[PDB]
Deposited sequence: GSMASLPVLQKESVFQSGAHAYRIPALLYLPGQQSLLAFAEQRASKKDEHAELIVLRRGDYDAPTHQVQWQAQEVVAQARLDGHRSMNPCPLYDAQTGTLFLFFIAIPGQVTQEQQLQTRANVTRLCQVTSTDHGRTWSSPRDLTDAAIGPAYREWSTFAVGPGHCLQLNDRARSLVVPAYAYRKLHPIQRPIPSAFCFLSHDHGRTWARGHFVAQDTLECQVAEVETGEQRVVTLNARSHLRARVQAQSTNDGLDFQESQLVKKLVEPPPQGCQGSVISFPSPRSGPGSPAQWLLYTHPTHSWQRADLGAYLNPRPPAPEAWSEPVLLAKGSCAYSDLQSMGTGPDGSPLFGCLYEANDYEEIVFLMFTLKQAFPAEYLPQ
């Protein structure tokens, strides 16, 4: 009945003068620290979003606990007159550059206004850091270069939220998960589909991967090794949509509903997925966190896939948190104190009144594998 006993459970963000939503977590292996991002909003409503905040956490080996420094606004992550949303961090292990992708929307123009008028006013931006997130560059609007001609083809769009991916391909490509409401029919309402922005030159130039042939919203990607990019997306079909790409994110040749991974009504909820070194035939396994309630957003659970990307290989969930739970973001942190893979998890709880940090090992979550 009680949730999973974990190495650590701590509220890193709480409602106060501002509300906090949309967590994003990034582990910096060489720094042994975590970057927890979130949207600082004037209220819980989406259009009241303002800026992006950040807390740097340091993992202490002797105590196997993470101590978090004070939150601070990522001042550079914004466009004049625009509110910032959807933080999507990424660490380029080859250049050491830290990327923070996000979207910027004029004042309080809602997503609904853009959908109803089929008029896109959302911007794709990024800020980078060469000192691991301590200081950030001026924002760069990627809209023209990354979206260009397709801009008029979408009612609106977003990236993430959550951590991105860097492939172990030749060019060490950067992959940013996203979705867009595409204007396909003259009368029918534009349908959203997930896809990935791609960069083969470490963020210098960008291109758009093709759409998952499914009605999908927020998604995240992971790579498993031949080399496959598995995409896990939110959908209104009461189940998650999972798609695989064997051509590094450009196209998703296969996709389907994973009924075992429930989505609450009426339009599901965002979830997170990551790959990590297998404790044993396949090289990597997958971990996925998401609410497990079928009627509302509650009971955050962790699922395991020991034979990725096989949809039928997803395990039954393990209860991570009881009660109201929503968005989450996962990160593989290496080896835990018990010799098994260590994981960090950031998630919205208690009717969006706090964002909780959870840290646990594979041994704790899935002991049957041991």
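Several segments of the deposited sequence are absent from the coordinates, namely 1-2, 228-230, 286-289, 380-382.
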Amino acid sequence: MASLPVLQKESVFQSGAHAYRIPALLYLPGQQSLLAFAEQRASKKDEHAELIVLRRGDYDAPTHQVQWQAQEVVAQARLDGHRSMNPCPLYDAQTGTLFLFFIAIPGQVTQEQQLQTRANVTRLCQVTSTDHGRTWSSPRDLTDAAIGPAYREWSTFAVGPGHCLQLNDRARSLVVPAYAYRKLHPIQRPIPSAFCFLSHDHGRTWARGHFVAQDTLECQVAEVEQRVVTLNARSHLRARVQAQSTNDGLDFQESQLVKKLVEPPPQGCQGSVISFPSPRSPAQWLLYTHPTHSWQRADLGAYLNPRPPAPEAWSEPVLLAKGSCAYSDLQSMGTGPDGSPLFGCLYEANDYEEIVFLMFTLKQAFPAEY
From here on, numbers count along this sequence of modelled residues.
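We call the rigid core the largest set of C-alpha positions that still match within 1.5 Å between the two forms.
In summary, of the stretches 58-66 and 337-345, 58-66 shows the greater Cα distance from the shown form in 4 other deposited structures of this protein, with structures fitted on the rigid core. Looking at 31-39 and 49-57, the one farther from the shown form in 4 other deposited structures of this protein by average CA distance, after a rigid core fit, turns out to be 49-57. Judged by the one-third criterion across other entries of this protein, residue 186, though modelled here, is missing from at least a third of those that model both its neighbours. For residue 111, the fraction of other compared entries lacking coordinates, among those that model flanking residues, reaches at least a third. Higher mean CA temperature factor between 268-276 and 214-222: 214-222, per the PDB entry. On average the C-alpha atoms of 130-138 have higher B-factors than those of the other stretch, with 130-138 and 294-302 being the two compared. Within the listed group 54, 61, 26, 313, the record reports its top CA B-factor for 313. Across 179, 101, 154, 206, the entry's maximum B-factor at the CA atom is seen for 206. In this PDB entry, residue 89 carries a Cα temperature factor that places it within the lowest third of its chain's modelled residues. Annotation for residue 147: CA B-factor lies in the highest third of the chain's modelled residues. Looking at the C-alpha B-factors along this chain, the one for residue 287 belongs to the lowest third. Sort the modelled residues of the chain by CA B factor and residue 1 lands in the highest third. When the CA B factors of the chain's modelled residues are split into thirds, the value for residue 365 lands in the middle one.
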